[PDB]
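# Descriptive structure summary
Residues per chain, in single letters:
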Amino acid sequence: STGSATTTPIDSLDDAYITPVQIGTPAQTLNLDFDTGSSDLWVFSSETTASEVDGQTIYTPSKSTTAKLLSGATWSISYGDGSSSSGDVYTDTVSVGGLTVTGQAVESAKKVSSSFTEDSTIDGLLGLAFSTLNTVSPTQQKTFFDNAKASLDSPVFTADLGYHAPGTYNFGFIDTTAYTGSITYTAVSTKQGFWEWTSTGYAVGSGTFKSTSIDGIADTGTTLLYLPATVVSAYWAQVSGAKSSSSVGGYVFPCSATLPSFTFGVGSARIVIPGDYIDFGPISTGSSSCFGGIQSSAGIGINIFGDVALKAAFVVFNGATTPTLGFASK
């Protein structure tokens, strides 16, 4: 089997991407944030505290003839941005882009933090990291991909995120029309539960490539590119007037600037992030100070190849017995 679904930016900055997901019988379609940095599929629901729901589409398990309470199971998750959610668990039929999993754990939110409430466009998350990170207790649950894997034509999924445009998540096949040149594959460590890999270096604009190992995660659920402070300083030093602002919470730059590209290495291959992808616009409406899309990972504890990086590439998440990651230009 295979599946193919379009993923759409939630706003004009590509702050996140939503992908429609069918849950239950008859189908209830929710727009979920596919997140290769976590491993829970959770949704706003009829059980979510009413004051914490503000415009989201909810899953109502009582209206699904295939929903079953997973008795005794609870979940609770905290994300890197400080947001969180928790609740109980149902199993139900879940379909993405024509690919169907029966008996998928659907984690129903009883509580969500303010950031989730305030984002009316995201109805929940669909985790695509390794199932070892799933938070369901006392019986850990499998991700949608893990459940689908054995039925897939090939045990892979691909992320093809657009810049200010829709893109695609495919399951079970590689669309050879969706990228240019060849795909370069690179090793993955699953030791922390992430799609963790080591970039071979970077360049800023037309500058020379610096060969240096940068361990980090491929994370579709993180907006920006978070890299070591040395690398980030080298980038922003090429933008007149750019500076790190503790009050804003990272690097800002004059909105009048033209940003240089940023290149990262994948083995001997190179992925070029155009400068425009690094512009996240005014820090507040009407400001001439703009927020940068490359930020320091110092104090995160891990480097994160978020959407800014991934949307510059066609990315293969290979879930074979020994997982790997592939990157192609597009």
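Header annotation of the entry names X-ray crystallography as the structure determination method and lists the resolution as 1.2500 Å.

Under the PDB entry, the protein chain has the name endothiapepsin and belongs to Cryphonectria parasitica. If you open the UniProt record of the protein chain and go to Sequence similarities, you find "Belongs to the peptidase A1 family."

Here the focus is the packing of aromatic side chains. Considering all chains together, one arrives at 25 aromatic pairs under this definition. Aromatic pair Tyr179 and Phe314: ring centres 5.0 Å apart, planes at 35°, arrangement tilted. With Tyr179 in the loop between β10 (167-171) and β11 (184-187) and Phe314 in strand β23 (residues 314-318), the pair connects residues that are 135 residues apart, well separated along the chain. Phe314 shares its class with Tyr179; the two are buried. With 6.1 Å between their ring centres and 70° between their planes, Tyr235 and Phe262 make a pair best called edge-to-face.

Turning our eyes to something else, we now look at the sheet that holds strand β21 (residues 294-296). With respect to topology, seven strands assemble into an open sheet ordered β18-β17-β12-β13-β22-β14-β21, the strand pairing being mixed. The open sheet has two free edges, formed respectively by β18 (269-273) and β21, since each of these has just one partner strand. Along the sheet, successive strands turn relative to each other by an average axial angle of 45°, direction set aside. Contacts from helix α3 (residues 229-236) reach β12 (196-204), β13 (210-218), β14 (225-227), β17 (262-266) and β21, with the element oriented near 140° to β21.

Within the open sheet, the four strands sit side by side as β15-β16-β20-β19. Their pairing is antiparallel. The sheet is open, and its two borders are formed by β15 (243-245) and β19 (279-282), each paired with just one other strand. For this sheet, the mean angle separating the axes of adjacent strands, direction not counted, is 40°. Pairing geometry for β15 and strand β16 (residues 250-254), over three bridges, is antiparallel. If you follow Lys243 over to β16, its bridge partner there is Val252.

Now for the UniProt feature "active site" in the protein chain. On the UniProt side, "active site" is annotated at positions that read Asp35 and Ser199 here. In the annotated group above, the largest pocket draws its lining from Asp35. Structurally, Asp35 is set in strand β3 (residues 28-35). Given the relative accessible area of 5%, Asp35 is considered buried. Ignoring any residue separated from it by four or fewer positions in sequence, one finds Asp35 in contact with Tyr79, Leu125, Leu126, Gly127, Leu128, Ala129, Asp219, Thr220 and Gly221. Engagement of the side chain of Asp35 in a polar contact is seen with the backbone nitrogen of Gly37, the distance being 2.9 Å. Beyond its immediate sequence surroundings of up to four residues, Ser199 is in contact with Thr212, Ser213, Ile214, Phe264, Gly265 and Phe305.

This part is about α3. Of all the residues in α3, the buried ones are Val231, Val232, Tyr235 and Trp236. Summarising the axial view, the buried residues of α3 lie within an arc of 125°, below the 170-degree limit, and thus occupy one face.

All right, on to the side chain of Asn303 then. The topology assignment puts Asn303 in strand β22 (residues 303-305). Owing to a relative accessible area of 12%, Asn303 belongs among the buried residues under this scheme. Here the side chain of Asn303 touches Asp215 through a polar contact of 2.8 Å, landing on its backbone oxygen. Among residues more than four places away in sequence, those in contact with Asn303 are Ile214, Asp215, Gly216, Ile217, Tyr226, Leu227, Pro228 and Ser297.

Bringing the state of the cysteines into the picture now. Going through the model one piece at a time under the given rule, you end up with one disulfide. Between the sulfur atoms of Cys255 and its disulfide partner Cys290 the distance amounts to 2.0 Å. Taking the torsion about the sulfur-sulfur bond, which here is approximately 110°, the covalent link between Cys255 and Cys290 counts as right-handed. One end of the pair, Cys255, is in the loop between β16 and β17; the other, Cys290, is in strand β20 (residues 289-292), with 35 residues separating them in the sequence. The exposure class of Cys290 is buried, given its relative accessible area of 4%.

So, on to the side chain of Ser297. Along the chain, the position of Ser297 falls in the loop between β21 and β22. Here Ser297 is in contact with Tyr226, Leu227, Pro228, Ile302 and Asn303, once residues within four sequence places are set aside.

Rules used throughout
- Residues numbered from 1 in each chain as written, not as in the entry; some residues may be left out.
- Heavy atoms only, no water.
- Residues with missing side-chain atoms left out of burial classes, pairs and counts.
- UniProt positions renumbered as here; feature names shortened; annotations may be inferred.
- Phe/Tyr/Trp six-rings, centres within 6.5 Å; stacked < 30°, edge-to-face > 60°.
- Helix = DSSP H or I, 4+ residues; strand = E, 2+ residues; numbered from the N terminus.
- Buried < 20%, exposed > 50% of the residue type's maximum accessible area, 1.4 Å probe, protein only.
- Pairing = 2+ DSSP bridges.
- Axes fitted to C-alpha atoms, helices over the stretch in contact; angles between N-to-C directions.
- Contact = heavy atoms within 4.5 Å.
- 1 Å grid on protein atoms, 1.4 Å probe; cavity = no way out; pocket = protein on both sides within 12 Å on 5 of 7 lines; lining within 4 Å.
- Polar contact = N/O pair within 3.5 Å; in protein donor to acceptor, adjacent residues only side chain to side chain.
- Arc of directions from axis to C-beta.
- Disulfide = S-S within 2.5 Å.

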